[PDB]
Amino acid sequence: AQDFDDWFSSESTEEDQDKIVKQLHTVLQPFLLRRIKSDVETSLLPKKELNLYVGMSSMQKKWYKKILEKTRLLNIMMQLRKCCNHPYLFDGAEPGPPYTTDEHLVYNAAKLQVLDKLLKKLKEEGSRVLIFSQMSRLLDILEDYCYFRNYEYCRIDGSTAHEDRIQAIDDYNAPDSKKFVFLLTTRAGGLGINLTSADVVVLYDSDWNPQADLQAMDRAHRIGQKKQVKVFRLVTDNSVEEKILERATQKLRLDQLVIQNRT
DNA sequence: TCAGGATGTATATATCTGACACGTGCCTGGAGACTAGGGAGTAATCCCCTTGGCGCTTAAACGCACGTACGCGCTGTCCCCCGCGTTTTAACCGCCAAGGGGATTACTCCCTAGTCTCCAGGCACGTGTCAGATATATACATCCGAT
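Those letters in the first sequence? Residues 378 to 447, 463 to 655, by the deposited numbering.
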């Protein structure tokens, strides 16, 4: 790898004039054969994105500052991603006992406040949303929030057997089906699962590996999809999520400069 | 169940002694210079630990059901151990003898350690092998429980 990693001049970024990369274009030419889905009209429909930025909530603003300045408050970087997702995960941020599922849950979640409105705006359009979230515990908050709004939902997350998985996917992929939100996790098993009878997914949380979220949005974008599929990605503002997305971005963009110019 | 005894438990009192107070001499804790080296701060570099997860194999752990054997309660029946009176004898002071042992308090002085300077042999670390010990199967021998 010394002749492969370092010789390539620090990923050919700070010491390249689009020449050494041109060399590697033909270096690994006779080893790979990558053919684009653009050249075939299988999905025959390009995808769409938003990167909507969520003004961070109030009680979250308390916690994020609290985490910084010095309960198992270890691995700080991901802890801040919990605060950026929902403070209710911190065991105590939510109002104490007794426990009720009401609008107070919606207030203390900067993403969910924005997400709630958009979940309404697609209800009238006959869309069915496919939430993909990290930290399966985060699903439980959405699950109960789904229970609060009287929405049709089913869950297929980790620790659910495939026979449970297949009946769950049938409920969503049924003829004249009625499920609106169907929960998963960013991994959600292999590519095999068929979600082409859908039109909108939500990447509630981003990931370090963009390819790990590339195929997840391909779950909807797979073959047979006729209508346009809409993919969301909530991004916390002036927080840890800001740096993760660009970290994914440059790793994502690394693919194009290396692979996406051969064929 | 109630009156009849033996035993601490208080009471007050004369006596012994051993804590408490006081004064001196001596040594050591404090003040004050001087210095040098131990540790605190910095800043590379590599490896491990954390917190979220995800998917898979495969034994253990759990639950359920007979169904014994044993933990427990009762009874009996010794026999052994406790309470009490009676002797008696061994501990416990007091003594005597002489000398040795062990602690101090000086003096003296050899010799054996620490303290340095060089300098090479240990020994630890990073490699590259082989063989001792598994794991399976596989046939063998060898208790255990029911006819």
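Where a beta carbon is used, it is the ideal one built from N, C-alpha and C, also for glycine.
Quick one: what does DSSP say residue i is sitting in, helix, strand or coil?
| i | result |
| --- | --- |
| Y545 | strand |
| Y596 | coil |
| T641 | helix |
| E486 | coil |
| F624 | strand |
| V417 | coil |
| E426 | strand |
| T463 | coil |
| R611 | helix |
| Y480 | helix |
| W384 | coil |
| residue 456 | Regarding the residue in question, residue 456 is not represented: the chain runs 447 and then 463, omitting everything in between. |
| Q505 | helix |
| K474 | helix |
| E517 | coil |
Hey, how far is the Cα of residue i from the Cα of residue j?
| i | j | result |
| --- | --- | --- |
| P407 | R654 | 11 Å |
| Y539 | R611 | 25 Å |
| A378 | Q437 | 44 Å |
| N428 | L626 | 6 Å |
| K619 | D599 | 27 Å |
| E535 | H402 | 47 Å |
| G584 | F574 | 17 Å |
| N467 | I444 | 11 Å |
| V593 | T493 | 24 Å |
| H554 | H478 | 29 Å |
| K396 | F385 | 11 Å |
| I533 | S420 | 34 Å |
| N630 | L644 | 22 Å |
| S528 | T552 | 12 Å |
| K424 | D416 | 15 Å |
| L576 | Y537 | 15 Å |
| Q559 | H613 | 22 Å |
| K622 | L649 | 26 Å |
| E426 | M609 | 10 Å |
| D605 | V506 | 21 Å |
| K570 | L504 | 23 Å |
| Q526 | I636 | 14 Å |
| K447 | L481 | 20 Å |
| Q400 | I413 | 22 Å |
| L405 | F381 | 12 Å |
| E638 | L646 | 12 Å |
Check the C-beta distance from residue i over to residue j and give it rounded, since I have them as a contact under 8 Å.
| i | j | result |
| --- | --- | --- |
| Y596 | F572 | Actually they do not touch by this definition, with Cβ atoms about 16 Å apart. |
| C546 | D563 | 5 Å |
| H496 | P487 | 6 Å |
| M433 | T628 | 6 Å |
| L472 | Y441 | 6 Å |
Based on the DSSP output, what are the partners of residue i in its beta bridges?
| i | result |
| --- | --- |
| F574 | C546 |
| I523 | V594 |
| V431 | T628 |
Confirm, please, whether the CB-CB distance from residue j to residue i is below 8 Å.
| i | j | result |
| --- | --- | --- |
| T578 | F524 | yes |
| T588 | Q607 | no |
| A502 | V431 | yes |
| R541 | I548 | no |
| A590 | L522 | yes |
| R411 | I651 | yes |
| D508 | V498 | yes |
| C476 | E633 | yes |
| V398 | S389 | yes |
| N601 | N586 | no |
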